[PDB]
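Computed over heavy atoms, backbone and side chain alike; hydrogens, waters and symmetry mates excluded. So you know, we letter chains A, B, ... as the sequences are listed, proteins then strands, and number each from 1.
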Amino acid sequence: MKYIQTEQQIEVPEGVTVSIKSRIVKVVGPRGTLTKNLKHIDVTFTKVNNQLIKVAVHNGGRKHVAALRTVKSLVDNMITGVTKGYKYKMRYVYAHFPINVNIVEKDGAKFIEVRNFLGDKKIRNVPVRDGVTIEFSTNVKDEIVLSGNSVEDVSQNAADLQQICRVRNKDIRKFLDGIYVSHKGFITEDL
Amino acid sequence: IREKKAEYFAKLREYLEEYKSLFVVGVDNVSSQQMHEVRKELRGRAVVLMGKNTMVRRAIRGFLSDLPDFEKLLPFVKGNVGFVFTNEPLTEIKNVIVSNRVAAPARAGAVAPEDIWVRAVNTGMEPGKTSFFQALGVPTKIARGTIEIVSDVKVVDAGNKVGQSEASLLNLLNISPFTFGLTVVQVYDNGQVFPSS
Amino acid sequence: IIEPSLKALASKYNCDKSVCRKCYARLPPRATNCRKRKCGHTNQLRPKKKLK
Amino acid sequence: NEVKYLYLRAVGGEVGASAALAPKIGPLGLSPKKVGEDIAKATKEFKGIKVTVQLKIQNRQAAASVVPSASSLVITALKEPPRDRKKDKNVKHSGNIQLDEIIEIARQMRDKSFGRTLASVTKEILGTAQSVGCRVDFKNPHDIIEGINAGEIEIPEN
RNA sequence: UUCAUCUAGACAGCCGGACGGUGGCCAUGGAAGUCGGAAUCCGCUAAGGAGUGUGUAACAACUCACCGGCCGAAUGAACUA
Ligand SMILES: [Mg+2]
Ligand SMILES: [Zn+2]
């Protein structure tokens, strides 16, 4: 159909500055700086009133106008990451063998170590992506918490931790052992 | 559809200008059963029209043409509000409406309003039922051939929803940590709305 | 044993899924079409069989 | 005191099921066959028809005195000889109920019946009659429901 | 293409309710809405099916049709090539 104009709004809170060169977005907020390259989407950014950015697609097809809302969501998540942050809480689930999760250093790289998963003698190592902070949560049993500006990096770290603990050669409906994302929210409460 | 809506609006008209003392009551969290009970109590005293905010609002705005007195009602038509029309004594009708406060039991995954505790008393349920206490880590022992909680234990706490097991044991031992009932917020009467009482 | 809440959490990822009848792909529980190209994105999906 | 309000569903004029009464009442010091006997004697009005007996557990006392249940009452008002499932089960229950009997049932239930008027109580009684697929004064329950809400056979609501 | 819903608030989304008569009747050792046959009813009703599923040995219990609270403009279904 080639819709003439499609537009999306990106609200910018007070403490956030968005610098948009051709398609390189730099969002700066209280929690830090996030950067994203969007030169693969062919959209147009325009600053309206220093609190609102419009992103537009001109003469766009269905896939193009869907990518427009995808871009709006990506930039909104960048702004959310620099204002509130992103935190994923994962639970260790096991029937018999307690999963031992720790933080170790290998040439200054901050791996997450998983031992005794389903009794395996193998040691699973998941590198911590830069910008992601790991905290083992008290007051809740067997909880790991991943916090950071980029929801992409936080969720990818959580996904790596979850996928490294997949059960092989067993009925996974019965062997539910693993490390599963239990909650996805923001670092700052109720913001 | 439009036919039924027009019928509803006509019923609204007659209810309004025959039963001036209507009660804007809050049906939020009120069960259908409790509604039926309170209605049966007020039978022959108070009719309870309980349509959707939007249609009631539009209808009363239209009726303003002949009965402008009801404009103040419109800003109050928000949330789950039901108009209990009547003319019988205000105090008595309101008391019957807002006196039944049924103890709502622990439905699964229901937000806990307080720090509900389970008490070191002889519950009396059959030995078999000890499984729930075991699952919830409730310290108990069979006394007089029945389950008896040895020590006080907080089962649920403020915040976290009441998980299926939590709710199951709570319902089993009859702790009902909720309370639902017809809650009047305002009362229009003799062409005047005012605080619920 | 696994406590009910953690068991339900694990089941959300292991058991509460759809399966394509043509290509057996593990699909989201609310999916209407398969995501795989081999099966032609068919709408022939079933719930993943529950243990016991 | 012991005011336990526990009850069951033993068939009319029938011994309360031994299997049912082994884990429920038997524990509460009440012989299952004794419960069956008292249930039968109470349910003589409900002969052959399942009806809750509202056995009031008042300090080791089986309280056979039945609570009339609308559907069971309709099956009784059928006035068909007590259902003899022993001779050919899948018994036929049509039992033309003169509407007077339905009104009597409604009078006996109004106390509890949510039915706002004596009309409404009779109305739901006849709905249960249609559920049991009987006939009332040689006319389909649904159609006499139409007539009773239309204004020919009215009900003297108290 | 055709038929539908919709500013007298469309669909989706989050939360509340989802009763009473009623374990409706029957086949079954037991089957209460939900392994099965028939009957496809109403009172309260904005609304509730003698029942959309999960679950029970049967219960009980969650679940959905149905109606609501919030947001506010287009949306849904079956088809054609
Ligand atoms: Mg094997
Ligand atoms: Zn497939």
Worksheet item: Closer than 4.0 Å, any side-chain N/O of D/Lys50 to the OP1 or OP2 of E/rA31?
Response: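 Looking at the OP1 and OP2 atoms of E/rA31, neither is under 4.0 Å from any side-chain N or O of D/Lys50.
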Discussion item. For A/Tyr88, give me all partners under ring pair (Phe, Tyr, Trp, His ring centres under 6.0 Å), at least two apart in sequence or on another chain.
Written reply: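 None.
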Worksheet item: For B/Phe180, which residues count as a ring pair (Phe, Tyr, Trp, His ring centres under 6.0 Å) partner, sequence neighbours excluded?
Response: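 Not a single residue meets the ring pair (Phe, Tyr, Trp, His ring centres under 6.0 Å) criterion with B/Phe180.
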Quick one: look up who [N] pairs with, Watson-Crick or G-U, both distances under 3.5 Å, and put none if it's unpaired.
| N | answer |
| --- | --- |
| E/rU28 | none |
| E/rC64 | E/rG49 |
| E/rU75 | E/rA4 |
| E/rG13 | E/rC70 |

If the condition is salt bridge (charged side-chain N to carboxylate O under 4.0 Å, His left out), which residues does [X] pass it with, not counting sequence neighbours?
| X | value |
| --- | --- |
| B/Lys4 | none |
| D/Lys79 | none |
| D/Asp84 | D/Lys87 |

Base, sugar-phosphate alone, or nothing: which one does [X] contact when heavy atoms must sit under 4.0 Å apart?
| X | value |
| --- | --- |
| D/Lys112 | sugar-phosphate |
| D/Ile125 | nothing |
| D/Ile75 | sugar-phosphate |

Discussion item. Give me the distance, rounded to whole Å, that separates E/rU40 from E/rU34 when you measure between the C1' atoms they each carry.
Written reply: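 Here E/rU40 and E/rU34 have their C1' atoms 15 Å from each other.
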Worksheet item: Do D/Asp137 and D/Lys139 sit within salt-bridge range, that is, some charged N less than 4.0 Å from a carboxylate O?
Response: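 No, D/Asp137 and D/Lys139 are not salt-bridged.
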Practice prompt. Could you tell me whether the side chain of A/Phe186 reaches within less than 4.5 Å of the side chain of A/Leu191, counting heavy atoms only?
Written response: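 They are not in side-chain contact.
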Discussion item. With a 4.5 Å cut-off on side-chain heavy atoms, are B/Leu182 and B/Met35 touching?
Written reply: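 B/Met35 reaches B/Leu182 side chain to side chain.
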Worksheet item: Can E/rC19 and E/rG43 be counted as a Watson-Crick or G-U wobble pair, both distances below 3.5 Å?
Response: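 Yes; the pair between E/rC19 and E/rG43 satisfies the definition, which requires both distances under 3.5 Å.
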Worksheet item: Can E/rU54 and E/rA61 be counted as a Watson-Crick or G-U wobble pair, both distances below 3.5 Å?
Response: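 Pair flag for E/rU54 and E/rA61 is true.
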Discussion item. Could you check whether the six-membered base rings of E/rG53 and E/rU54, which sit next to each other in the strand, have centres less than 5.5 Å apart and planes tilted by under 30 degrees?
Written reply: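 Result for this step: stacked.
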Worksheet item: By the stacking rule (ring centres under 5.5 Å, planes under 30°), does E/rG16 stack with E/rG17?
Response: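 Stacking between E/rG17 and E/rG16 is present - centres under 5.5 Å, planes under 30°.
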Practice prompt. With sequence neighbours excluded, give me every salt bridge (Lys or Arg N to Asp or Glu O under 4.0 Å) pair touching residues 47-67 of chain B.
Written response: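 Not a single pair qualifies under salt bridge (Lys or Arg N to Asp or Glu O under 4.0 Å).
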Item to complete: Return each pair, listed once, that meets salt bridge (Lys or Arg N to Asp or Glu O under 4.0 Å) where at least one residue sits in residues 25-41 of chain B; pairs must be two or more places apart or across chains.
Response: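 Residue pairs with at least one partner in residues 25-41 of chain B: there are none.
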Which donor-acceptor pairs under 3.5 Å do the side chains of residues 123-132 of chain B make with protein atoms, sequence neighbours left out?
unit_1   : atom_1 : unit_2   : atom_2 : d
B/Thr123 : OG1    : B/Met125 : N      : 3.3
B/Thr123 : OG1    : B/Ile147 : O      : 3.2
B/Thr130 : OG1    : B/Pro127 : O      : 2.4
B/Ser131 : OG     : B/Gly128 : O      : 3.3

Practice prompt. Round to a whole Å and report the spacing from CG of D/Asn149 to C1' of E/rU45.
Written response: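 Going from D/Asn149 (CG) to E/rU45 (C1'), I get 15 Å.
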Item to complete: Nearest-nucleotide wise, let me know which of D/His93 and D/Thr52 is further upstream toward the 5' end of RNA chain E.
Response: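 Upstream on the strand: D/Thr52.
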Discussion item. A/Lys174: which residues meet the side chain to side chain donor-acceptor pair (under 3.5 Å) condition with it, sequence neighbours left out?
Written reply: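 With sequence neighbours excluded, A/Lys174 shows a side chain to side chain donor-acceptor pair (under 3.5 Å) to no residue whatsoever.
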Item to complete: Tell me which nucleotide among E/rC19, E/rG17, E/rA47 gets nearest to the side chain of B/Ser31.
Response: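 So the side chain of B/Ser31 is nearest to E/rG17.
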Worksheet item: Base, backbone or nothing for each nucleotide of nucleotides 37-44 of chain E, written B, S, -, heavy atoms under 4.0 angstrom, 5' to 3'?
Response: --S-BSSB
Discussion item. Generate the contact string for nucleotides 55-74 of chain E. Rules: B means base contact, S means sugar-phosphate contact only, - means no protein heavy atom under 4.0 Å.
Written reply: -------------SSS----
Fill in: Residues in contact with RNA chain E, drawn from residues 76-92 of chain D - heavy-atom cutoff 4.0 Å
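Correct list: D/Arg83, D/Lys89, D/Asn90.
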